[PDB]
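In my numbering, the protein residues as written are 2 to 182. Yeah, the Cβ is synthetic: ideal placement off N, Cα and C, and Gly gets one too. Here's the structure, in structure tokens; my notes come after.
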Ligand SMILES: Nc1nc2c(ncn2[C@@H]2O[C@H](COP(=O)(O)OP(=O)(O)O)[C@@H](O)[C@H]2O)c(=O)[nH]1
Ligand SMILES: [Mg+2]
């Protein structure tokens, strides 16, 4: 009989008018757009700034989530960096079933971390698609992304099933708490 709250109300408690800018990144198919629509927090808008490169965005009050795929795509790395401007947090999403592409994801993740503009970011990892038989454990995704060895930044790896909205409250609550200090 008990019911979840709407993220709309959750965001009111968590951020409530505060200026927040998070970027949610990952390899294509990790589950990022799914997380966006599953939040139900406003319209998503897109800009395709090149014939290949493609960015999505959502804002609620003064919290903005900016979203793109990372990896392959020639190497459009400079076209991104504009979008890191005064970012508070990174959400990096991983397909926990895709054992093959995780080295790539760790590489990519590791490149975001080393970018100057990400020095002081809180880091949330969604180890997504945990519903799938034989996927990686959240620890195995932690290990692989090298989160043990980590700077002085606050980080957290969170199990998720994005298509059921599972894990999302937990990660976002961590993120919100972490960010207000
Ligand atoms: N089984 C499962 N499938 C998922 C999950 N999250 C996303 N997907 C599916 O993975 C595909 C890509 O998701 P999408 O959100 O477009 O990935 P994006 O490229 O990261 O934006 C879609 O078919 C989703 O339904 C999950 O947690 N479990
Ligand atoms: Mg997408």
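- By the Cβ criterion, the stretch 33-41 is not in contact with the stretch 74-89, since fewer than three pairs of Cβ atoms, one from each stretch, lie closer than 8 Å.
- Assigned with DSSP and collapsed to three states, residue 75 falls in coil, not helix or strand.
- Residue state for residue 42 is assigned as coil, using DSSP reduced to three classes.
- Exposure of residue 10 is indicated by the presence of fewer than 16 other C-beta atoms within 10 angstroms of its C-beta.
- Residue 124 places its beta carbon less than 9 Å from that of residue 114.
- With a cutoff of 8 Å, residue 155 does not count as near ligand 2, since its C-beta is closer than that to no heavy atom of the ligand.
- Per DSSP, residue 150 is not a residue of any beta strand (DSSP E), being assigned neither H nor E.
- Straight through space, the alpha carbons of residue 107 and residue 98 are spaced by roughly 14 Å.
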